[PDB]
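Every number here is computed from the coordinates shown, using simple stated rules; none is lab data. Methodologically, a virtual Cβ is constructed for each residue, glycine included, from the backbone with ideal geometry; neighbour enumeration extends over all protein chains shown.
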Amino acid sequence: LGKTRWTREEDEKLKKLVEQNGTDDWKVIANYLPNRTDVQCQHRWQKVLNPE
């Protein structure tokens, strides 16, 4: 089940970077998260994460 699943470590890391810098160019964020391409980083945010 699932596809290209992530890990809590990467989720937390991504969340921190996104909130810290901002949900701007995913290219810049991708540089901080090797292997996690801009598309994957975006998908792992503007599709699931939502800190209300």
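Roughly how big is the chain's charge dipole about its Cα centre, with Cβ charges of +1 (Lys, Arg) and -1 (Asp, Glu), in debye to the nearest 20? Don't skip to the answer; put the middle values down first.
Working: 10 positive and 9 negative charges, 53 e Å.
It comes to approximately 260 debye.
How big is Rg to Rh over the chain, alpha-carbon atoms, Rh as the Kirkwood inverse-mean-distance radius?
When Rh is taken as the Kirkwood radius, the ratio is 0.93.
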